[PDB]
Amino acid sequence: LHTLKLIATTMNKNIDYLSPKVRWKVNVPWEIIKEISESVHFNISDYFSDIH
Amino acid sequence: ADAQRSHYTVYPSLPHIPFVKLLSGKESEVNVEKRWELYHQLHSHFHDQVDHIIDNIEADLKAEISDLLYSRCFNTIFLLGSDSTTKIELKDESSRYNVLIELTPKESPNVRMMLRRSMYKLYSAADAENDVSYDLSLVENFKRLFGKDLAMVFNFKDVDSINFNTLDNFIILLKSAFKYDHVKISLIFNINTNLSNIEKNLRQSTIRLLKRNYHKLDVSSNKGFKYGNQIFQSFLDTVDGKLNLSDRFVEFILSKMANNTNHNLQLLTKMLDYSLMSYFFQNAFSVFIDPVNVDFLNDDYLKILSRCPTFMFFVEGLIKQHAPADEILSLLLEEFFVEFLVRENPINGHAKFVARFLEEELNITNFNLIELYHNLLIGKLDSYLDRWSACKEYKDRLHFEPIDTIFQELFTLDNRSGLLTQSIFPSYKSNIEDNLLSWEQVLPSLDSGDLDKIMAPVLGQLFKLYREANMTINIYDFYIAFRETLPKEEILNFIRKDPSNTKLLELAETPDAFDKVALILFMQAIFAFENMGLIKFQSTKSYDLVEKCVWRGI
Amino acid sequence: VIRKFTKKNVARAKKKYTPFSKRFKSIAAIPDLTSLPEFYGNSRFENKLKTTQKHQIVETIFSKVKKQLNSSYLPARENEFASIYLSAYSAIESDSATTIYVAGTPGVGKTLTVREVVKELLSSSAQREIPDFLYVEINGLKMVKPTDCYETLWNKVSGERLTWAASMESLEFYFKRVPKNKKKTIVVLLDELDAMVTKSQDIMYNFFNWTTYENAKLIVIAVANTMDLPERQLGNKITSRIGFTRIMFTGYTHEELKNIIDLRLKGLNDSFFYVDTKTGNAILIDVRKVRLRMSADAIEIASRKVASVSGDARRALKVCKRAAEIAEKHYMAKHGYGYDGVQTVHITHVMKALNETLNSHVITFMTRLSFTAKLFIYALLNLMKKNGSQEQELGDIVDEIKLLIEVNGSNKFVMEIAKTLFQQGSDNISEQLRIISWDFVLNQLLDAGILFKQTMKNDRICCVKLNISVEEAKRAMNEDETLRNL
DNA sequence: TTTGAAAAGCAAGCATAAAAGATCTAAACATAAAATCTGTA
DNA sequence: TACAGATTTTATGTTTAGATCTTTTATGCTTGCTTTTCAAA
Ligand SMILES: Nc1ncnc2c1ncn2[C@@H]1O[C@H](COP(=O)(O)OP(=O)(O)OP(=O)(O)O)[C@@H](O)[C@H]1O
Ligand SMILES: [Mg+2]
């Protein structure tokens, strides 16, 4: 998932994967993750309905 | 010192097969060599078919790309699930240079490098069959220099990895070649994720440009299961009449094959290979898959084969059906073992029969032969065939009940010991956590014997206090907690055991001796934890607090 | 072969690669280098720049004063002359090797007195009081590459042309292993030594290290602009190991500059000239006899102003030349003379020539700008008066300009000019977000150096600062009769 | 069935880590003319 | 020695991999007040 850049890091070249200073973030929009969650029948909207 | 070097070569000092002697070492070396050679013919018979299948994948896939590539805009091909390993061929088409250009994201940091590498490769390929500038005026002057027309086929490898702004600007750059009447351009995109992820990163005018003629091609090995079924059938015809496959093994194959999508066939080959190595390394009955070794029966073979549960069930059924006791004691065998290892086991041929009947007689192609074989093993083939709504009239022809044959447990591929899990797909960090927490399943408890008996090894003792602590640990309080577990008297007796070391004896009579020893061991274990990745110093120049990073059971 | 790039304009000099360590078989196989016609120097481009004139030049009485105050044409440098001359003379007569480091600010007579010491040494060697020597002058600011000094000095020593690394090994082998009886003494002037040491300290350390050799017979005079150049380019251990002579050159006082100027003008002041009354040509002694003078207080205040600021002879000589040029310009304009009783260079001419140096044109340039540019500067000054940041966003300047136009609606000038500023006086042009000539005056103030603008492609949040000061801007906008009342 | 009270939540302010990149250096990769070294002749 | 040819030397251009420092923004700590579920009467 990192080499496909659906997940991203804070640094892009010479990445230290095993350092605790390097953090991770998602790299897909809401529509992509929505159709991914409906592909597996996961209720991803239920974790966002009560928060806002 | 070589230990402090970056790298060094050792020319070892030389002062013959890795198979060992089974039957508690009482197996003959002839049987060991015969097991070795038997494993080699089975492995060769499987892997020749696997190599032929992989070559056929390459040939048919080049054929499909060559068909789609031929017969004022780009000609766009999207290869979905490509992994970009295939060598794309272009034909010989007279009065026209067909030049193929591979570009990777490493060769593409900006549009300038893309154009310079592309025109260098174009000029080199045109010269291979006066220096020039490596820019797009080489394209417009191509018929003036070389005399023939130009057909460029761009192959972008790992499109999910190239920066999309650079790729968009490169496509817009290549649009400028449409005003030359001697140039046609084809683009091949190796898409790994999906097409909707690609068009959300490209600009809308570029998508409108690419929409004029584009062709999608699912180039994955998962599509139709056509290549996995050939590999699994090749393994079945290797072991047909010799070895059986358990339902646990095939279910394990399916479960592991689901978890990897881009690289499925060689994972299947690796799993089947390791199961074959494990069987031929652990089982002394492997020589009996060849009928010429039936004179090699010894005592230890008989007491190993007498513990088979099929033999157990057969003899208790025999005492159920036969009232006299004289015939029962005669069997409790060497001649009865031989007559049943030559059975045909027609489940493999019937699996081939339903495979060819589903493929070539009902025009149904979306079936997994591994899943079909699992359903035939568990006895639910009808519950696998009642999905396509066309095997209803053929439900009674394809019926098969499983025959639990006698002494099949000595010739089968299973996983009830977890060896395939521990070797190919281990729970790596869970194994590290469980070896740290328990540690009596690693180090033996032999019965400095006293200090070894009543004090833990330092890393496990540190991990026991690490696991029960909070996210943020004070280092001094951690050292105070670690010092309480240690024996204050037996450690001081332990460092006085050797009278030759004088400085340690001098340090032992210090009134601050035990705290120094505890702090030294604590600091060494703390830096071992820091190197393993278990803790992290949340600072640069204090080193007073640490943060927990790893939790057991996650 | 298909190339990945081409280098089509490579011009390579025909310089050999073999150093002097391989010219002979052994150290005892080296002949007398003094008795060789290529060693130690044992200009054909003048006739390119030659032509014949048709008309005679009219040499005006002030042109003698101008020509005789040039830097191309040693009062006050006697202790420095004595120090350099005795160090070099004592090292030449003892066949030793030494180095003299001379430092100072530009124009204080460093190169001039080093050259005068060298010519006095050459004259003493012509009288056979000291043995003969070669003179090499190496200027660090007259090079393409700093290593070319290695190419130059060896070419002055041996007569052959080598590459710089081979020249460096050749000079090392020459100063180390060649015996003293087979070589000549060398005096090197290393002028502008900070130009040759910027990349690294190899040339400095090599030239200072060669003077520590017992066989070298080398005199290195190194001239620089800072004093701590050897102390910061080499360590204190190295500079203690060489032990160079250390000489500073302080700037001239006003009395020394005055003696320099009237020694340039010794034969011309209070002197008679035969002047052709129809052309203006003057001959030093239909023809008028004119005396020529420069007053003492003019030279006095010129040398007093120069010695306060810089203290160098070039500035004092040049303001005297500029005063003479101003006087000759007024003289030629008055008499109607061409190019082909008492004439004096007055105190006011020296005043005006000094005022061209002293004054700045920033305020004068800003008072002659257009209304839009002065509006920009006024809005900028208002913004740094309000928020006090010294960097203002361009959108804030736009809004402040719009607010200053909208507030002063009762003013006659703003009411007359607003249609010009926002529509270019035309009813077919829509009302613009910027004033007319907005980017024109922004680019003009950036080109003049009045402003500084950061590099940012958002034109609104991009920041701009005054690059001069706030007081010249305040003096400029208070001059304008429009801006100063609103 | 209450109850109360300590755990959890929240926010203003602030010191500090860290992201993003501007700027630069050096190594790998690449070419090229003059000099210099090799192998025959 | 002579000389064509191969290799070195010196000199410079092209591209990539990585280091350091600056500027702006995220992030965690502290302290004081407010809500909320669970251990106990
Ligand atoms: N003592 C002097 N007597 C007469 N003329 C002098 C004297 N000093 C300097 N000058 C004049 O000023 C010019 C500048 O002197 P010079 O070139 O020696 O300066 P410098 O200290 O080497 O300067 P820089 O550091 O700029 O090279 C000389 O060429 C000469 O015309
Ligand atoms: Mg000078």
Side-chain angles (χ1 to χ4, degrees), chain A residues 7-17 19-27 50-52, chain B residues 103-121 123-124 130-135 161-163 165-166 470-474 536-549, chain C residues 1-23 143-152 154-155 158 160-170 198-200 202 389-391 393 452-458 461-463 465:
Chain A
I7 320 292
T9 36
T10 38
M11 62 154 108
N12 299 136
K13 282 182 177 180
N14 205 77
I15 300 174
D16 198 3
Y17 288 95
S19 170
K21 309 302 244 323
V22 169
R23 281 170 300 145
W24 305 83
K25 68 191 180 186
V26 85
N27 209 36
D50 308 12
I51 73 155
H52 79 272
Chain B
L103 289 179
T104 82
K106 184 139 223 63
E107 286 158 311
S108 299
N110 47 63
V111 197
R112 182 191 177 259
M113 284 336 293
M114 296 192 92
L115 187 62
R116 285 190 71 77
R117 290 185 160 101
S118 310
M119 305 291 82
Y120 175 72
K121 280 181 284 231
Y123 194 57
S124 305
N130 194 330
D131 310 291
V132 294
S133 176
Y134 294 138
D135 66 44
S161 320
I162 174 156
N163 192 273
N165 166 75
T166 303
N470 278 119
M471 180 211 336
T472 306
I473 324 190
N474 195 283
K536 151 198 60 163
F537 292 97
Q538 45 166 359
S539 70
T540 305
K541 59 186 71 65
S542 52
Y543 270 30
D544 265 288
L545 292 206
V546 292
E547 249 173 300
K548 270 220 293 206
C549 293
Chain C
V1 46
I2 297 306
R3 256 161 308 191
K4 300 187 208 180
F5 64 96
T6 45
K7 302 150 82 153
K8 302 254 190 243
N9 294 302
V10 172
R12 193 181 173 95
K14 297 215 190 43
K15 294 177 189 294
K16 316 280 176 284
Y17 311 148
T18 299
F20 199 57
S21 301
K22 282 96 193 62
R23 215 66 73 252
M143 288 157 173
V144 175
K145 310 197 275 182
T147 49
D148 284 336
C149 71
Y150 292 131
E151 303 189 347
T152 296
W154 183 246
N155 182 249
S158 60
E160 68 201 62
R161 292 178 66 229
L162 264 41
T163 45
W164 73 263
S167 277
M168 199 195 31
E169 286 110 35
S170 290
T198 307
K199 291 177 67 175
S200 187
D202 319 298
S389 158
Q390 300 288 109
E391 316 60 59
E393 303 213 331
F452 171 86
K453 177 152 117 94
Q454 77 199 9
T455 320
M456 222 57 154
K457 90 160 296 180
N458 189 266
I461 72 182
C462 183
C463 292
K465 18 195 298 93

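Chain letters run A, B, ... following the sequence lines, proteins first and then strands; every chain starts at 1.
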Touch class at under 4.0 angstrom, heavy-atom based, for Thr6(C) against every strand present: sugar-phosphate

Sugar-phosphate only, base, or nothing, as touched by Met11(A) at under 4.0 Å among non-hydrogen atoms: nothing

Below 4.0 Å: OP1/OP2 of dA30(D) and any side-chain N or O of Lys4(C): yes

Whole-Å distance separating the CG atom of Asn9(C) from the P atom of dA11(E): 18 Å

For atom CG of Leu115(B) and atom P of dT14(E), their distance in whole Å: 16 Å

Rounded interatomic separation in angstrom, taking CG from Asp131(B) and P from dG13(E): 17 Å

Backbone N/O of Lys21(A) and side chain of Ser19(A): donor-acceptor pair under 3.5 Å: yes

Gap between atom OG1 of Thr166(B) and atom CE of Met113(B) - 0.5 Å precision: 12.5 Å

Proximal nucleotide (of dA17(E), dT31(D), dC29(E)) relative to the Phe5(C) side chain: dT31(D)

Nearest-Å distance for atom pair NZ/P, residues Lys25(A) and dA26(E): 12 Å

Touch class at under 4.0 angstrom, heavy-atom based, for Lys7(C) against every strand present: base

Main-chain N/O of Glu107(B) paired with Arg117(B) side-chain donor or acceptor, under 3.5 Å: yes

Candidate nucleotides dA34(D), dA11(E), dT31(D), ranked by approach to the side chain of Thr163(C) - the nearest: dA11(E)

Residue mapping more 5' on DNA chain D - nearest nucleotide basis, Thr9(A) or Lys541(B): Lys541(B)

Nearest-Å distance for atom pair CZ/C1', residues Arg12(C) and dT12(E): 10 Å

Separation of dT31(D) P from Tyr120(B) OH (nearest whole Å): 7 Å

Residue closer to the 5' end of DNA chain E, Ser108(B) versus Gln538(B) (nearest nucleotide): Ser108(B)

Sugar-phosphate only, base, or nothing, as touched by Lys13(A) at under 4.0 Å among non-hydrogen atoms: nothing

Neighbour count above 12 (heavy atom, 6.0 Å) for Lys8(C) NZ: yes

Main-chain N/O of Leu545(B) paired to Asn474(B) side chain as donor or acceptor, under 3.5 Å: no

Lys8(C) NZ to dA32(D) P, straight-line distance once rounded to whole Å: 7 Å

Options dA35(D), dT15(E), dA18(D), nucleotide nearest the side-chain atoms of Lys16(C): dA35(D)

Charged N-O contact under 4.0 Å between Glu151(C) and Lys15(C): yes

Nucleotide of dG18(E), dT15(E), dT16(E) approaching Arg116(B) most closely (side-chain heavy atoms): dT15(E)

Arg23(A) side-chain N/O to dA19(D) phosphate OP1/OP2 under 4.0 Å: yes

Distance test, side-chain N/O of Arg117(B) to OP1/OP2 of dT16(E), below 4.0 Å: yes

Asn14(A) side chain near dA17(E) phosphate (N/O to OP1/OP2, under 4.0 Å): no

Of the listed nucleotides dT12(E), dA30(D), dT36(D), the one nearest the side chain of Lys145(C): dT12(E)

Whole-Å distance separating the CH2 atom of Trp164(C) from the P atom of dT9(E): 14 Å

Closest to side chain of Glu151(C), choosing from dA11(E), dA19(D), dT16(E): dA11(E)

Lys106(B) side chain near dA17(E) phosphate (N/O to OP1/OP2, under 4.0 Å): yes

